[PDB]
Structures are given as C-alpha cells and as structure tokens.
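Novice: Show me the folded form of this:
(chains A and B, ligands or ions: 12)
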There are 2 protein chains.
Amino acid sequence: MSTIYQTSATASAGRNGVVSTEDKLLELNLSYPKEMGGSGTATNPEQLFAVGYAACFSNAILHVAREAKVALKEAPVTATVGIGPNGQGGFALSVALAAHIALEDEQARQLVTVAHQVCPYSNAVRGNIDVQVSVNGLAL
Amino acid sequence: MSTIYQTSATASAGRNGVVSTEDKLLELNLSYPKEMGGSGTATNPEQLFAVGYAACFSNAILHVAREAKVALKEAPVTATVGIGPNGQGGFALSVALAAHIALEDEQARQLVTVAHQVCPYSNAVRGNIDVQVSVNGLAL
Ligand SMILES: [Zn+2]
Ligand SMILES: [Zn+2]
Ligand SMILES: [Zn+2]
Ligand SMILES: [Zn+2]
Ligand SMILES: [Zn+2]
Ligand SMILES: [Zn+2]
Ligand SMILES: [Zn+2]
Ligand SMILES: [Zn+2]
Ligand SMILES: [Zn+2]
Ligand SMILES: [Zn+2]
Ligand SMILES: [Zn+2]
Ligand SMILES: [Zn+2]
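Specialist: Numbering: from 1, shown residues only, chains lettered A, B, ... in the order given. Ligands and ions are numbered 1, 2, ... in the order given. Please find the structure below.
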C-alpha cells in the first residue's frame, strides 16, 4: 500500500493521435491498425498492453526465480493481446502469455504459477481476463 | 467474443532489457527508474500502462460521445499509474484517470461513467484496481 514509483501520461485524441509521458521518455503516435480501418503506420493500446505485460511477466518470472535461488539467464515471454466487442456495448481484451524457462517442465510450471500471483499486471486483470498461460510450449 | 485485432510482443529480460512487438512498430529499451535503483534513461511497464490507458480511455470518451451524438474536438485524459508492494509477496498497480470534457459538469460525468463501462482497459481491471476517476478537476 506504499508506492515505490508512479508516473503519468496524457492523451487527448484517443486511438488516433499522440500520447506521451509527463517526463517525455515515451512519446508516441497512435493510429488504428489496418484491421480497424487505419493506416497501420503507428502503434495502439493493444500493442502497449502486450509490450508492458510481456516485460512485466518476464520480470515476475525473474523475480520469483531469484527469490527461490534459481539462477536464470533469461525468461522469454510472448504476450498476445486481442480486442473485440463484448456484446454489452463495449470491448474486452483477451490475453495469452507464452512463458519459457530453461528448466524441467514441472519446475517451470511452479515458477510461472507463482509469478502469475506476484505480477502486478496479472493482479490487475485476474477474474476479468482469463489469461491463457503456456509454459515451454505446453499449457500451464 | 469475436476478435477484431490482435498483436504479440516479446520480452526476455524483464524490466531491464529490450521488448518489441512482432511487427516492430514498437521497439523499446526498458530500465528501472531512479526510484527503483536504475538509470531512469529508459521506460518501464508502469509508463506503458499509463500511456495505453490514457489513450484508450480518451478514446472511450470520444466513442461514447460520438454514439450519443455529442460533438467533441478532444478528450484530454491524464492517467497516473503507481506500483507498490501488496503485502502478499507481490505488487499491485494504482490508477487515477483525470478526464476532461468541454461540457457542463454533469453531462461530462455521465459520459465518463459510460466510457468507464465500455473501455476494455477499465473492463480488464474492474474490481481489482480501484481506479480513481476525476472529471473536469472534480471527483467523478
Ligand atoms: Zn495489422
Ligand atoms: Zn510483472
Ligand atoms: Zn523484483
Ligand atoms: Zn535461453
Ligand atoms: Zn513458446
Ligand atoms: Zn498445470
Ligand atoms: Zn524517476
Ligand atoms: Zn478504451
Ligand atoms: Zn470506437
Ligand atoms: Zn479543448
Ligand atoms: Zn485535470
Ligand atoms: Zn459522481
């Protein structure tokens, strides 16, 4: 309940315009993808979520492993994020997390399961998005 | 439950390393901020979430207004995202959304309330993160 870091960003043109952090470390153009009738020459909120979750979940694995005294060199995570209508006048995201750890399958599953309890992105979406988690190419 | 757009991104070094989308529209370096013992010269998952939510929530406002036949020129949203320990061995995000609409306060509140039901980012986190929403400088 203490806060170790916080940041702000501002957008005023939704999905078709600029967005930036207050400190300007991230300054981006956004556009609709071709799939949504746009040019596809700029990024979008689904890509931002995919990048953030891939990094944050990879980090969760690294964190849980370090605390368990398990030495990892890398923890590749591919996050796949989709958007579609929810049938209630809005939209919902779908998320798949494909995690990879250079350990035996069960040990890898145990680490990923704990990472999925620790990670703030997983905590944020639990119960709303049914995140589909894979470990080393198999289902969690 | 149909999907209109999906995308993937991959990270293998957590919060201290590169992350990219499959199509390379977003390719980023990440580092811990100074607040977390890092250089502060690269971005992070909290900033990615703040940028994504600011844009997606601004877009929700624009979408709900268009559907209500309310003409808006812009819809500034500042998303403030924090991270801290959750006391259960992991971390949680805090989110504040400061929305702005050039309409009377109550009309603006009504539009924002509906946007907060429609937006896929709001749908993703509802019940887990108590998003603190403001409209035109006042509480929602
Ligand atoms: Zn595309
Ligand atoms: Zn994480
Ligand atoms: Zn850590
Ligand atoms: Zn490897
Ligand atoms: Zn894989
Ligand atoms: Zn399992
Ligand atoms: Zn800082
Ligand atoms: Zn949205
Ligand atoms: Zn729309
Ligand atoms: Zn204005
Ligand atoms: Zn304000
Ligand atoms: Zn109110």
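Novice: how close does residue A:125 get to residue B:58?
Specialist: Residue A:125 is 21 Å from residue B:58, where distance means CB to CB, to the nearest Å. (Each C-beta comes from the backbone N, C-alpha and C, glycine too.)
Novice: which of these two has more neighbours?
Specialist: It is residue B:58, of residue A:125 and residue B:58, that has more neighbours when counted by other CB atoms under 10 Å in any protein chain shown, with 31 against 23.
Novice: element containing the residue nearest the centre of chain A?
Specialist: Centroid check for chain A by CA atoms, centre = their mean gives residue A:53 as the closest residue, at 1.5 Å. If you go by DSSP states H and E, residue A:53 is part of helix A:45-67.
Novice: could you say what helices and strands that helix packs with?
Specialist: With contacts taken as 3 or more CB pairs under 8 Å, 6 or more residues apart in numbering or on different chains; DSSP states H and E, helix A:45-67 sits against strand A:77-85, strand A:91-99, helix A:105-118, helix A:120-125, strand B:5-11, strand B:17-21, helix B:45-67, helix B:120-125.
Novice: from the middle of its chain, how far away would it be?
Specialist: Centre-to-centre, helix A:45-67 and its host chain are 6 Å apart (CA atoms, centre = their mean, to the nearest Å).
Novice: For it, C-alpha coordinates in CSV please.
Specialist: Extracted C-alpha coordinates of helix A:45-67, given in CSV (Å, rounded to 0.1, in the frame of the first residue of the first chain):
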residue,chain,number,x,y,z
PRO,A,45,-3.3,0.4,-26.9
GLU,A,46,-3.2,-3.4,-27.5
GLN,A,47,0.4,-3.2,-28.5
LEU,A,48,1.2,-1.1,-25.5
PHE,A,49,-0.5,-3.6,-23.2
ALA,A,50,1.3,-6.5,-24.9
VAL,A,51,4.7,-4.9,-24.5
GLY,A,52,4.0,-3.9,-20.9
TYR,A,53,2.7,-7.3,-19.9
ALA,A,54,5.4,-9.3,-21.8
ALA,A,55,8.1,-7.3,-19.9
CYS,A,56,6.3,-7.3,-16.6
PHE,A,57,5.6,-11.0,-16.7
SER,A,58,9.1,-11.9,-17.8
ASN,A,59,10.2,-9.8,-14.9
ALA,A,60,7.9,-11.6,-12.5
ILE,A,61,9.5,-14.9,-13.5
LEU,A,62,13.0,-13.5,-13.0
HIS,A,63,11.9,-12.1,-9.6
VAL,A,64,10.3,-15.3,-8.4
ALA,A,65,13.3,-17.4,-9.6
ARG,A,66,15.8,-15.1,-7.9
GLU,A,67,13.9,-15.3,-4.6
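Novice: Do that helix and ligand 1 come into contact?
Specialist: No: using CB under 5 Å from the ion, we find that helix A:45-67 stays clear of ligand 1, coming within 10.2 Å at best.
Novice: Report the beta-bridge partners for the residue of chain A found nearest ligand 11.
Specialist: Here the residue of chain A nearest ligand 11 is residue A:10; by CB to the ion that distance is 9.7 Å. Per DSSP bridges, residues listed as beta-bridge partners of residue A:10: residue A:20, residue B:78.
Novice: Quick check: it touching residue B:54?
Specialist: Yes: counting by CB atoms under 8 Å, residue B:54 is a contact partner of residue A:10 at 5.8 Å.
Novice: These two: which has the busier surroundings?
Specialist: Comparing residue A:10 with residue B:54 by other CB under 10 Å, the one with more neighbours is residue B:54, at 31 against 21.
Novice: Now do the contacts for that one.
Specialist: A:9-11, A:19, B:77-79, B:97 (CB atoms under 8 Å, 6 or more residues apart in numbering or on different chains).
Novice: ok, how many other residues are close to residue A:100?
Specialist: 20.
Novice: next one: phi and psi at it?
Specialist: Note on residue A:100: its backbone torsions stand at phi -140, psi 130 [degrees, to the nearest 10].
Novice: Can you tell me the SS state at residue A:103?
Specialist: Judged by DSSP: H, G, I helix; E, B strand; the rest coil, the three-state class of residue A:103 is coil.
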